[PDB]
């Protein structure tokens, strides 16, 4: 029953850098690839990271993904924060049965 744990909320001011973490529980974060999605209200999720740290074409380079095996976590880091970045973010991976697992989500507020 691999699960992904995310904090509810983060906030930061425009131009600064914010980090959203996603910690593996009942399994290792490194066993399967982590994706990150941006999602606005009533809209489908947008991929901002796949395969732990790959950006889809078009996604600004201020979005970066990483893995910290020592904390069993993955992180989405957003630098040079913009107002348009205010949104929900979900990490996502797979359990030992290759079924999809989502983090609980984080709301980013740009102050």
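Numbering follows the first chain given and starts at 1.
- In this entry, the higher average B-factor at the C-alpha atoms falls on 6-14, of the pair 6-14 and 90-98.
- For the pair 68-76 and 32-40, the mean B factor over Cα atoms is greater in 68-76.
- Split the chain's modelled residues into thirds by C-alpha temperature factor. Residue 25 is in the highest one.
- Among the modelled residues of its chain, residue 56 has a C-alpha B-factor that falls in the lowest third according to the deposited record.
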